[PDB]
Amino acid sequence: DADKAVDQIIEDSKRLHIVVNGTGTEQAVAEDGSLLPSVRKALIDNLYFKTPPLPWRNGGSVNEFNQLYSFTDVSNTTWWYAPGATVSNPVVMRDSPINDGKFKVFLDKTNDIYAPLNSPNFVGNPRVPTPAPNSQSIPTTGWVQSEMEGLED
Amino acid sequence: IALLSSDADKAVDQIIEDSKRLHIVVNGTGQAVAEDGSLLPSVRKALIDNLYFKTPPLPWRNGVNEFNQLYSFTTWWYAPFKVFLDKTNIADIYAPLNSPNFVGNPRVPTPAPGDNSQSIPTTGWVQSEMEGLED
Amino acid sequence: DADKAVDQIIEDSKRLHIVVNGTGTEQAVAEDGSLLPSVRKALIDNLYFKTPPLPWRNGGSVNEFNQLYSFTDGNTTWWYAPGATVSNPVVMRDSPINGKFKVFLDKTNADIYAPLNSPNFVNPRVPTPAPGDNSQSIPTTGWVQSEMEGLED
Amino acid sequence: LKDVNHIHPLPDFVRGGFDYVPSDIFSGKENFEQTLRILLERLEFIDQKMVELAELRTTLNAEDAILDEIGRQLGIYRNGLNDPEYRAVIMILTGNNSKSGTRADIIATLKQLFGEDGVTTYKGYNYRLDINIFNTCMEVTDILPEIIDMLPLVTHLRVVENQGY
Amino acid sequence: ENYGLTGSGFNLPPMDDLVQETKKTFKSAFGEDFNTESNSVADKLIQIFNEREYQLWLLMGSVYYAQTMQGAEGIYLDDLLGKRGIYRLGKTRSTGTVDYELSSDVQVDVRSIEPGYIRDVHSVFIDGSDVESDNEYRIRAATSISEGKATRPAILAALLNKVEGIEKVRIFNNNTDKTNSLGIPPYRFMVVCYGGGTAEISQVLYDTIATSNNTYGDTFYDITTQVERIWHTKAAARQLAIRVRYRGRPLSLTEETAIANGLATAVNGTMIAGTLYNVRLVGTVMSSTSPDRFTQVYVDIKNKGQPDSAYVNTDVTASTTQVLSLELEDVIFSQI
Amino acid sequence: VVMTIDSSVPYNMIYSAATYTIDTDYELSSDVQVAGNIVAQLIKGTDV
């Protein structure tokens with residue numbers, strides 16, 4: 001009757017497999033009917049979901065600690081979040097976060113997509129102005145051929 | 001027959017401890033220890049120790065004792081001077097490493113003679129290279 | 001049958017082990033083509049640190065993946081090394097500008113990435129264009145030789 | 001209440017010896033402890049391997065690389081046998097030295113190779129004997145030569161193998 | 001992990017390595033900037049502890065090697081074969097026929113008084129036998145002993161232990177309905193032996209065969225407890241001769257003795273009605289002496305008295321009632 | 001001595017003998033060229 005144990009093992013393996021490899025989000029179902037989150041689902045908490053922040057308001061409240069909000073001053077734009085924001089303790093909204101230390105500003109990480117000045121490793125199709133027919137400037141594919149084009153003769 | 005399982009436990013237990021660490025990190029309180037002995041703070045703790053700036057900026061005077069208080073001038077500033085909030089984009093001035101379109105006079109360090117690789121040649125390197133075959 | 005279920009279990013286990021542990025400068029490989037980041041990534045990946053900056057020191061060795069060290073010359077910049085642990089420390093050399101160290105981002109710092117106009121580089125590389133291209137794309141050192149080769153014969 | 005076999009890894013070896021620090025004079029200094037721990041923990045590895053040097057040499061768990069040595073002392077050479085059944089033949093031949101080939105006795109030896117219900121034996125009038133197999137876990141042709149040896153000098157034997165009843 | 005018993009063998013770490021990781025782990029607890037170079041106080045301390053620890057590995061390796069068959073020497077040899085339930089012999093005494101004394105009372109045999117080695121010639125007896133040395137002790141271990149009965153190994157075991165003067169034995173079985181190729185009547189088995197008595201082996205056989213007298217053979221001898229009889233046969237009946245040809249560096253005189261006597265063991269050990277393989281004979285010569293001494297080798301076999309032209313290199317077998325034997329005045333060495 | 005080098009260092013680059021010191025009392029024996037002196041290599045993961 002070890003076939004019975006082998007059975008349960010067989011689909012427990014599959015549940016575990018989907019949980020580990022649950023794409024960005026998968027909801028494995030246990031025998032109790034509860035719902036288990038993929039690893040990448042569990043990783044949303046750090047991921048700090050920067051969708052276009054909900055525009056700043058006066059009134060209303062913030063329920064998610066890691067959600068951002070968009071605010072504009074009389075002059076600049078900033079994104080704000082209240083780490084203390086939680087369910088059963090939402091952060092009441094206010095006129096401006098600059099005196100609402102519940103809220104704090106946030107920045108952007110991605111510089112990543114830009115070539116550093118030191119030994120960058122470009123991809124795709126870089127281009128430059130065809131240099132003078134020289135010395136230190138970067139030549140183009142046509143520039144070289146045009147330079148050599150007169151030489152074959 | 002299926003008694004290869006004698007190797008499965010060394011993974012099953014290990015994933016048990018890994019799940020335990022996952023749970024403590026995600027659902028911890030204002031830590032976790034990896035097999036390397038280094039610490040992993042739980043989210044509700046990581047939210048505390050990170051860099052927070054003082055939100056009200058101060059007027060500028062070019063006078064200077066804190067790296068965490070902002071100053072205003074006319075733009076926000078701080079002393080690690082370094083500006084904090086200008087109004088200009090970055091993507092408009094800095095070339096992406098993918099499919100850039102440079103303008104003006106780009107320069108690179110001239111490679112060694114005879115290099116046959118993916119490095120970039122210089123106009124004054126190829127032009128030197130031409131004369132060798134000319135002779 | 002059942003051996004393949006066990007194989008799934010063991011591969012999932014080693015994947016989960018690497019993901020939970022990771023190295024800060026590391027990302028795991030999922031069964032599908034996607035790659036899974038480690039916790040040491042996700043934390044520093046979005047933004048996280050220990051607030052009180054610490055002075056740089058030539059005789060110091062770092063062992064913590066999330067702390068900022070203030071280098072100075074009074075040009076002060078803050079640095080970190082994701083691949084730093086108690087098990088794998090890293091030595092503060094004379095200057096951080098020389099490996100695992102990375103500088104904290106600022107809207108001034110930028111200031112190390114090549115600007116769109118007339119940038120100076122210090123071993124850049126580009127994909128090799130197809131032979132016979134006359135466009136303004138940038139040729140490689142080999143591409144030049146690959147084309148000069150037809151010339152000689 | 002206690003195991004007779006005293007060959008076991010010493011329980012909590014590391015914390016012992018540390019118990020011999022006289023009056024906590026050095027405890028909490030984090031400089032002497034590491035030096036002592038680094039040295040003691042080396043003995044941990046050696047202490048652990050002292051067991052396998054004795055545990056693994058038993059015929060039950062001996063791997064093929066050394067099981068041959070055990071068989072060599074007894075004259076049972078590997079020939080073409082593989083590890084899982086090479087263990088079986090070693091047991092069968094050794095057990096034959098205290099046997100008499102009785103009906104009750106024969107059932108006992110076959111019992112170790114096919115579980116509880118995996119084997120049955122019919123008997124015939126004129127020296128005929130039959131062996132039935134239901135749950136074989138190893139290939140039987142290579143084991144067959146021994147199955148003849150532990151039978152009377154004049155047995156007439158048939159062998160039939162099948163899965164299940 | 002690569003240290004100790006590993007199935008493929010036993011691995012012993014050298015002195016140098018143990019220091020290397022000990023310093024490495026020791027360095028890990030205090031950083032790179034920690035003097036550990038030669039003659040440093042820290043290094044001196046490390047060496048003392050590792051040397052004391054190293055002996056433990058060496059002791060373990062010696063224990064494992066001491067218990068293997070190849071490394072068995074002296075007393076350690078006695079323990080290993082003792083585990084099998086047999087022990088080396090001691091001072092043995094001579095037996096004669098009508099310094100010495102009578103073995104028992106006589107009326108209308110001979111036993112030596114001295115405890116051992118020993119007045120041993122015709123018309124003025126088993127001499128020697130002081131201590132049973134390891135080489136023959138290993139040989140004597142080749143036998144087997146068991147209390148079983150009615151089974152083929154049991155019959156062989158009992159005969160070699162009880163029947164005096166027995167040297168070889170084999171059994172042929174015909175467990176079918178119709179006479180085999182050897183003419184054995186159906187549902188009967190035959191026992192053939194070399195040496196030994198006739199009215200004693202029957203006694204031994206009676207105590208160990210099943211309660212169904214299935215014996216068959218050339219000669220019979222009745223026994224009683226009810227009366228029945230037991231059958232058996234005797235083979236003897238062959239002596240061989242050998243020649244060897246080789247190319248290379250001549251083998252002096254001592255090696256030929258080492259080669260010659262070694263061959264006599266392999267040929268002699270053959271079973272009753274066995275077969276000799278020319279390849280096996282060659283292998284013995286390559287192993288009874290150090291390799292790298294010959295470029296070619298051949299062996300030729302013929303029966304005693306046959307003409308030299310009768311030498312052959314093909315494999316040879318023996319009839320049912322023949323036993324292969326080899327002696328000296330044989331093994332003609334030669335250089336091609 | 002041996003040292004690992006980043007993937008990006010070109011083959012033809014040559015180290016100047018008289019512009020380096022290994023440690024407080026060691027220097028290069030002579031000029032060294034990267035090409036022709038590879039002793040070991042490691043390739044992993046990121047490399048169609």
# chains A, B, ... in the order shown; residues from 1 in each chain; ligands from 1
>>> select_by_dssp(residues="region 65-124 of chain C", states="strand (DSSP E or B)", output="list in words")
residues 67, 68, 69, 70, 71, 77, 78, 79, 80, 90, 91, 102, 103, 113, 115, 117 and 120 of chain C
>>> residues_around(residues="residue 75 (chain B)", least_positions_apart="6", cutoff="8 Å", atoms="only C-alpha atoms", output="PDB file with C-alpha atoms, in the first residue's frame")
ATOM      1  CA  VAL B  83      22.096  68.628  -5.470  1.00  0.00           C
ATOM      2  CA  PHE B  84      19.133  66.379  -4.708  1.00  0.00           C
ATOM      3  CA  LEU B  85      16.154  67.495  -6.831  1.00  0.00           C
ATOM      4  CA  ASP B  86      16.836  69.356 -10.050  1.00  0.00           C
TER       5      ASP B  86
END
>>> residues_around(residues="residue 34 (chain C)", least_positions_apart="4", cutoff="10 Å", atoms="only C-alpha atoms", output="PDB file with N, CA, C and O atoms, in the first residue's frame")
ATOM      1  N   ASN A  21       8.764  27.534  -9.218  1.00  0.00           N
ATOM      2  CA  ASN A  21       8.783  28.116 -10.550  1.00  0.00           C
ATOM      3  C   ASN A  21       7.459  28.766 -10.922  1.00  0.00           C
ATOM      4  O   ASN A  21       7.057  28.707 -12.088  1.00  0.00           O
ATOM      5  N   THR A  23       6.297  31.245 -12.130  1.00  0.00           N
ATOM      6  CA  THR A  23       6.423  32.386 -13.041  1.00  0.00           C
ATOM      7  C   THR A  23       6.619  33.635 -12.185  1.00  0.00           C
ATOM      8  O   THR A  23       7.365  33.579 -11.197  1.00  0.00           O
ATOM      9  N   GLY A  24       5.972  34.751 -12.499  1.00  0.00           N
ATOM     10  CA  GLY A  24       5.969  35.889 -11.609  1.00  0.00           C
ATOM     11  C   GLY A  24       4.989  35.677 -10.476  1.00  0.00           C
ATOM     12  O   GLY A  24       5.258  36.054  -9.331  1.00  0.00           O
TER      13      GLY A  24
ATOM     14  N   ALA C  28      19.604  33.564  -9.396  1.00  0.00           N
ATOM     15  CA  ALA C  28      19.425  32.139  -9.620  1.00  0.00           C
ATOM     16  C   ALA C  28      18.805  31.891 -10.993  1.00  0.00           C
ATOM     17  O   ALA C  28      18.331  32.809 -11.668  1.00  0.00           O
ATOM     18  N   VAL C  29      18.810  30.626 -11.403  1.00  0.00           N
ATOM     19  CA  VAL C  29      18.298  30.202 -12.701  1.00  0.00           C
ATOM     20  C   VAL C  29      17.052  29.364 -12.463  1.00  0.00           C
ATOM     21  O   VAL C  29      17.118  28.311 -11.820  1.00  0.00           O
ATOM     22  N   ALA C  30      15.922  29.824 -12.986  1.00  0.00           N
ATOM     23  CA  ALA C  30      14.695  29.057 -12.879  1.00  0.00           C
ATOM     24  C   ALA C  30      14.695  27.930 -13.907  1.00  0.00           C
ATOM     25  O   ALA C  30      15.505  27.897 -14.837  1.00  0.00           O
TER      26      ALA C  30
END
>>> residues_around(residues="region 9-18 of chain F", least_positions_apart="5", cutoff="8 Å", atoms="only C-alpha atoms", output="PyMOL selection string")
(chain B and resi 112+115) or (chain C and resi 123) or (chain F and resi 27-35)
>>> interface_residues(of="chain A", to="chain B", cutoff="10 Å", atoms="only C-alpha atoms", output="ChimeraX atom specification")
/A:6,39,42-43,45-46,65-66,75-78,83-84,97-101,103-107,111-140,143-144,147-148,151-152
>>> interface_residues(of="chain C", to="chain B", cutoff="7 Å", atoms="only C-alpha atoms", output="JSON, numbers by chain")
{"C": [10, 13, 16, 17, 20, 21, 48, 49, 50, 51, 76, 85, 86, 87, 107, 108, 113, 114, 115, 116, 117, 118, 119, 120, 121, 122, 123, 124, 125, 126, 127, 128, 139, 140, 141, 142, 145]}
>>> atom_distance(atom1="CA of residue 15 (chain A)", atom2="CA of residue 29 (chain A)")
7.5 Å
>>> interface_residues(of="chain D", to="chain E", cutoff="6 Å", atoms="only C-alpha atoms", output="PDB file with N, CA and C atoms, in the first residue's frame")
ATOM      1  N   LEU D  53      34.491   3.942   9.639  1.00  0.00           N
ATOM      2  CA  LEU D  53      35.579   2.988   9.472  1.00  0.00           C
ATOM      3  C   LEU D  53      35.213   1.625  10.041  1.00  0.00           C
ATOM      4  N   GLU D  63      30.097  -1.265   0.699  1.00  0.00           N
ATOM      5  CA  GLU D  63      29.978  -0.925  -0.708  1.00  0.00           C
ATOM      6  C   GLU D  63      30.790  -1.901  -1.558  1.00  0.00           C
ATOM      7  N   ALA D  65      33.122  -1.524  -3.660  1.00  0.00           N
ATOM      8  CA  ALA D  65      34.563  -1.320  -3.717  1.00  0.00           C
ATOM      9  C   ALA D  65      35.300  -2.122  -2.656  1.00  0.00           C
ATOM     10  N   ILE D  66      34.697  -2.310  -1.484  1.00  0.00           N
ATOM     11  CA  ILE D  66      35.305  -3.090  -0.412  1.00  0.00           C
ATOM     12  C   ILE D  66      34.572  -4.392  -0.143  1.00  0.00           C
ATOM     13  N   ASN D  97      26.148 -23.196   5.504  1.00  0.00           N
ATOM     14  CA  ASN D  97      27.056 -24.007   6.303  1.00  0.00           C
ATOM     15  C   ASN D  97      26.405 -24.593   7.550  1.00  0.00           C
ATOM     16  N   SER D  98      25.165 -24.223   7.860  1.00  0.00           N
ATOM     17  CA  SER D  98      24.468 -24.725   9.039  1.00  0.00           C
ATOM     18  C   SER D  98      23.054 -25.142   8.646  1.00  0.00           C
ATOM     19  N   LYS D  99      22.944 -25.916   7.570  1.00  0.00           N
ATOM     20  CA  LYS D  99      21.657 -26.224   6.966  1.00  0.00           C
ATOM     21  C   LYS D  99      21.536 -27.730   6.775  1.00  0.00           C
ATOM     22  N   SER D 100      20.293 -28.181   6.591  1.00  0.00           N
ATOM     23  CA  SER D 100      20.051 -29.594   6.324  1.00  0.00           C
ATOM     24  C   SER D 100      19.077 -29.816   5.172  1.00  0.00           C
ATOM     25  N   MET D 150      21.723 -25.717  -1.944  1.00  0.00           N
ATOM     26  CA  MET D 150      21.194 -26.018  -0.618  1.00  0.00           C
ATOM     27  C   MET D 150      20.043 -27.014  -0.657  1.00  0.00           C
ATOM     28  N   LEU D 151      20.001 -27.888  -1.659  1.00  0.00           N
ATOM     29  CA  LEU D 151      18.961 -28.891  -1.770  1.00  0.00           C
ATOM     30  C   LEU D 151      19.562 -30.283  -1.643  1.00  0.00           C
ATOM     31  N   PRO D 152      18.771 -31.281  -1.250  1.00  0.00           N
ATOM     32  CA  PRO D 152      19.317 -32.633  -1.092  1.00  0.00           C
ATOM     33  C   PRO D 152      20.032 -33.103  -2.350  1.00  0.00           C
ATOM     34  N   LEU D 153      20.802 -34.180  -2.201  1.00  0.00           N
ATOM     35  CA  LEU D 153      21.664 -34.666  -3.270  1.00  0.00           C
ATOM     36  C   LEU D 153      20.872 -35.175  -4.468  1.00  0.00           C
ATOM     37  N   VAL D 154      19.586 -35.471  -4.278  1.00  0.00           N
ATOM     38  CA  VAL D 154      18.789 -36.141  -5.296  1.00  0.00           C
ATOM     39  C   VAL D 154      17.530 -35.360  -5.652  1.00  0.00           C
ATOM     40  N   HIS D 156      14.773 -33.101  -7.518  1.00  0.00           N
ATOM     41  CA  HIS D 156      14.328 -32.791  -8.871  1.00  0.00           C
ATOM     42  C   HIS D 156      13.523 -31.501  -8.810  1.00  0.00           C
TER      43      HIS D 156
END
>>> select_by_dssp(residues="region 35-98 of chain A", states="helix (DSSP H, G or I)", output="list in words")
residues 39, 40, 41, 42, 44, 45, 46, 47, 97 and 98 of chain A
>>> write_last_selection(atoms="N, CA and C atoms", output="compact mmCIF listing (two decimals), in the first residue's frame")
# COMPACT_ATOMS: atom_id res chain seq x y z
N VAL A 39 7.32 31.92 -4.98
CA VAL A 39 8.40 32.70 -4.39
C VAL A 39 8.34 34.13 -4.90
N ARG A 40 8.18 34.30 -6.22
CA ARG A 40 8.17 35.64 -6.77
C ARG A 40 6.97 36.44 -6.28
N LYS A 41 5.87 35.78 -5.92
CA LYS A 41 4.79 36.50 -5.25
C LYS A 41 5.25 37.00 -3.90
N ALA A 42 5.92 36.15 -3.15
CA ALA A 42 6.43 36.52 -1.84
C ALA A 42 7.42 37.61 -1.93
N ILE A 44 7.11 40.32 -3.82
CA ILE A 44 6.57 41.63 -4.16
C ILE A 44 6.92 42.63 -3.07
N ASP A 45 6.99 42.17 -1.82
CA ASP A 45 7.16 43.08 -0.69
C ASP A 45 8.40 43.94 -0.85
N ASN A 46 9.52 43.33 -1.22
CA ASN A 46 10.71 44.12 -1.50
C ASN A 46 10.55 44.90 -2.80
N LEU A 47 9.79 44.35 -3.75
CA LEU A 47 9.74 44.95 -5.07
C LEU A 47 9.14 46.33 -5.09
N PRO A 97 3.22 66.37 1.96
CA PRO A 97 4.04 65.51 2.84
C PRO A 97 5.20 66.24 3.48
N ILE A 98 5.53 67.45 3.04
CA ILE A 98 6.74 68.11 3.51
C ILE A 98 6.72 68.34 5.01
>>> atom_distance(atom1="CA of residue 258 (chain E)", atom2="CA of residue 325 (chain E)")
18.1 Å
>>> residues_around(residues="residue 69 (chain C)", least_positions_apart="4", cutoff="8 Å", atoms="only C-alpha atoms", output="ChimeraX atom specification")
/C:53-56,78-80
>>> write_last_selection(atoms="N, CA and C atoms", output="PDB file, in the first residue's frame")
ATOM      1  N   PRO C  53      26.553  56.438   7.658  1.00  0.00           N
ATOM      2  CA  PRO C  53      27.707  56.155   6.799  1.00  0.00           C
ATOM      3  C   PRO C  53      28.964  55.970   7.632  1.00  0.00           C
ATOM      4  N   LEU C  54      29.851  55.104   7.161  1.00  0.00           N
ATOM      5  CA  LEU C  54      31.084  54.866   7.886  1.00  0.00           C
ATOM      6  C   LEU C  54      32.284  55.324   7.071  1.00  0.00           C
ATOM      7  N   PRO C  55      33.337  55.811   7.724  1.00  0.00           N
ATOM      8  CA  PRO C  55      34.492  56.325   6.977  1.00  0.00           C
ATOM      9  C   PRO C  55      35.220  55.215   6.237  1.00  0.00           C
ATOM     10  N   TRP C  56      35.786  55.567   5.087  1.00  0.00           N
ATOM     11  CA  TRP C  56      36.672  54.660   4.377  1.00  0.00           C
ATOM     12  C   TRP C  56      37.977  54.497   5.147  1.00  0.00           C
ATOM     13  N   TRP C  78      29.479  57.669  -1.399  1.00  0.00           N
ATOM     14  CA  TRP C  78      29.137  56.551  -0.537  1.00  0.00           C
ATOM     15  C   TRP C  78      29.136  55.273  -1.358  1.00  0.00           C
ATOM     16  N   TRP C  79      29.731  54.218  -0.807  1.00  0.00           N
ATOM     17  CA  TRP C  79      30.023  53.014  -1.562  1.00  0.00           C
ATOM     18  C   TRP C  79      29.500  51.787  -0.835  1.00  0.00           C
ATOM     19  N   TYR C  80      29.270  50.720  -1.595  1.00  0.00           N
ATOM     20  CA  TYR C  80      28.814  49.453  -1.052  1.00  0.00           C
ATOM     21  C   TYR C  80      29.369  48.332  -1.916  1.00  0.00           C
TER      22      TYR C  80
END
>>> atom_distance(atom1="CA of residue 140 (chain E)", atom2="CA of residue 284 (chain E)")
20.7 Å
>>> residues_around(residues="residue 125 (chain D)", least_positions_apart="3", cutoff="12 Å", atoms="only C-alpha atoms", output="PyMOL selection string")
chain D and resi 122+128-130+155-156
>>> decode(residues="region 147-175 of chain E", atoms="N, CA and C atoms", output="PDB file, in the first residue's frame")
ATOM      1  N   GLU E 147      28.426 -27.527   9.605  1.00  0.00           N
ATOM      2  CA  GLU E 147      27.711 -28.618  10.254  1.00  0.00           C
ATOM      3  C   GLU E 147      26.563 -29.158   9.406  1.00  0.00           C
ATOM      4  N   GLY E 148      26.390 -28.657   8.186  1.00  0.00           N
ATOM      5  CA  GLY E 148      25.272 -29.077   7.371  1.00  0.00           C
ATOM      6  C   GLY E 148      25.378 -30.524   6.937  1.00  0.00           C
ATOM      7  N   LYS E 149      24.261 -31.045   6.431  1.00  0.00           N
ATOM      8  CA  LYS E 149      24.174 -32.429   5.993  1.00  0.00           C
ATOM      9  C   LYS E 149      23.271 -32.522   4.772  1.00  0.00           C
ATOM     10  N   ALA E 150      23.458 -33.599   4.009  1.00  0.00           N
ATOM     11  CA  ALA E 150      22.565 -33.945   2.906  1.00  0.00           C
ATOM     12  C   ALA E 150      22.721 -33.008   1.715  1.00  0.00           C
ATOM     13  N   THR E 151      23.650 -32.060   1.793  1.00  0.00           N
ATOM     14  CA  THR E 151      23.874 -31.150   0.683  1.00  0.00           C
ATOM     15  C   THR E 151      25.307 -31.281   0.171  1.00  0.00           C
ATOM     16  N   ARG E 152      25.489 -30.949  -1.109  1.00  0.00           N
ATOM     17  CA  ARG E 152      26.781 -31.144  -1.770  1.00  0.00           C
ATOM     18  C   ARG E 152      27.950 -30.514  -1.022  1.00  0.00           C
ATOM     19  N   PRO E 153      27.906 -29.246  -0.612  1.00  0.00           N
ATOM     20  CA  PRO E 153      29.022 -28.716   0.188  1.00  0.00           C
ATOM     21  C   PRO E 153      29.237 -29.473   1.484  1.00  0.00           C
ATOM     22  N   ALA E 154      28.165 -29.943   2.122  1.00  0.00           N
ATOM     23  CA  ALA E 154      28.308 -30.667   3.380  1.00  0.00           C
ATOM     24  C   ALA E 154      29.109 -31.948   3.183  1.00  0.00           C
ATOM     25  N   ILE E 155      28.794 -32.699   2.126  1.00  0.00           N
ATOM     26  CA  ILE E 155      29.499 -33.953   1.875  1.00  0.00           C
ATOM     27  C   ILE E 155      30.983 -33.685   1.681  1.00  0.00           C
ATOM     28  N   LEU E 156      31.306 -32.668   0.879  1.00  0.00           N
ATOM     29  CA  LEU E 156      32.704 -32.337   0.640  1.00  0.00           C
ATOM     30  C   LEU E 156      33.395 -31.922   1.933  1.00  0.00           C
ATOM     31  N   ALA E 157      32.733 -31.082   2.728  1.00  0.00           N
ATOM     32  CA  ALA E 157      33.360 -30.571   3.943  1.00  0.00           C
ATOM     33  C   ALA E 157      33.680 -31.699   4.912  1.00  0.00           C
ATOM     34  N   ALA E 158      32.720 -32.598   5.137  1.00  0.00           N
ATOM     35  CA  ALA E 158      32.930 -33.664   6.110  1.00  0.00           C
ATOM     36  C   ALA E 158      34.075 -34.575   5.692  1.00  0.00           C
ATOM     37  N   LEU E 159      34.128 -34.944   4.412  1.00  0.00           N
ATOM     38  CA  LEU E 159      35.141 -35.890   3.959  1.00  0.00           C
ATOM     39  C   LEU E 159      36.545 -35.341   4.175  1.00  0.00           C
ATOM     40  N   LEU E 160      36.757 -34.070   3.843  1.00  0.00           N
ATOM     41  CA  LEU E 160      38.081 -33.477   3.970  1.00  0.00           C
ATOM     42  C   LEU E 160      38.512 -33.289   5.416  1.00  0.00           C
ATOM     43  N   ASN E 161      37.606 -33.445   6.381  1.00  0.00           N
ATOM     44  CA  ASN E 161      37.937 -33.257   7.786  1.00  0.00           C
ATOM     45  C   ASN E 161      38.015 -34.551   8.577  1.00  0.00           C
ATOM     46  N   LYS E 162      37.291 -35.592   8.167  1.00  0.00           N
ATOM     47  CA  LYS E 162      37.243 -36.843   8.914  1.00  0.00           C
ATOM     48  C   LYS E 162      38.026 -37.971   8.266  1.00  0.00           C
ATOM     49  N   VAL E 163      37.888 -38.167   6.958  1.00  0.00           N
ATOM     50  CA  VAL E 163      38.563 -39.267   6.279  1.00  0.00           C
ATOM     51  C   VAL E 163      40.059 -38.994   6.281  1.00  0.00           C
ATOM     52  N   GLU E 164      40.818 -39.865   6.939  1.00  0.00           N
ATOM     53  CA  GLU E 164      42.260 -39.708   6.981  1.00  0.00           C
ATOM     54  C   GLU E 164      42.865 -39.970   5.606  1.00  0.00           C
ATOM     55  N   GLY E 165      43.888 -39.189   5.270  1.00  0.00           N
ATOM     56  CA  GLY E 165      44.607 -39.391   4.029  1.00  0.00           C
ATOM     57  C   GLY E 165      43.892 -38.915   2.789  1.00  0.00           C
ATOM     58  N   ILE E 166      42.777 -38.212   2.932  1.00  0.00           N
ATOM     59  CA  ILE E 166      42.049 -37.697   1.777  1.00  0.00           C
ATOM     60  C   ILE E 166      42.765 -36.459   1.259  1.00  0.00           C
ATOM     61  N   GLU E 167      42.842 -36.338  -0.065  1.00  0.00           N
ATOM     62  CA  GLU E 167      43.553 -35.247  -0.718  1.00  0.00           C
ATOM     63  C   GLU E 167      42.670 -34.469  -1.686  1.00  0.00           C
ATOM     64  N   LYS E 168      41.765 -35.150  -2.385  1.00  0.00           N
ATOM     65  CA  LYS E 168      40.857 -34.493  -3.312  1.00  0.00           C
ATOM     66  C   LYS E 168      39.562 -35.282  -3.378  1.00  0.00           C
ATOM     67  N   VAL E 169      38.502 -34.610  -3.822  1.00  0.00           N
ATOM     68  CA  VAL E 169      37.185 -35.225  -3.919  1.00  0.00           C
ATOM     69  C   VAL E 169      36.316 -34.385  -4.842  1.00  0.00           C
ATOM     70  N   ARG E 170      35.411 -35.057  -5.549  1.00  0.00           N
ATOM     71  CA  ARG E 170      34.425 -34.385  -6.379  1.00  0.00           C
ATOM     72  C   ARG E 170      33.182 -35.256  -6.453  1.00  0.00           C
ATOM     73  N   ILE E 171      32.052 -34.619  -6.745  1.00  0.00           N
ATOM     74  CA  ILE E 171      30.767 -35.301  -6.815  1.00  0.00           C
ATOM     75  C   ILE E 171      30.092 -34.945  -8.129  1.00  0.00           C
ATOM     76  N   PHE E 172      29.507 -35.957  -8.765  1.00  0.00           N
ATOM     77  CA  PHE E 172      28.739 -35.789  -9.987  1.00  0.00           C
ATOM     78  C   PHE E 172      27.286 -36.144  -9.706  1.00  0.00           C
ATOM     79  N   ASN E 173      26.377 -35.349 -10.257  1.00  0.00           N
ATOM     80  CA  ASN E 173      24.959 -35.477  -9.970  1.00  0.00           C
ATOM     81  C   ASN E 173      24.174 -35.786 -11.236  1.00  0.00           C
ATOM     82  N   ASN E 174      23.226 -36.724 -11.109  1.00  0.00           N
ATOM     83  CA  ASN E 174      22.256 -37.029 -12.147  1.00  0.00           C
ATOM     84  C   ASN E 174      20.869 -37.025 -11.501  1.00  0.00           C
ATOM     85  N   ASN E 175      20.293 -35.833 -11.372  1.00  0.00           N
ATOM     86  CA  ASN E 175      18.949 -35.669 -10.824  1.00  0.00           C
ATOM     87  C   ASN E 175      17.886 -35.567 -11.909  1.00  0.00           C
TER      88      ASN E 175
END
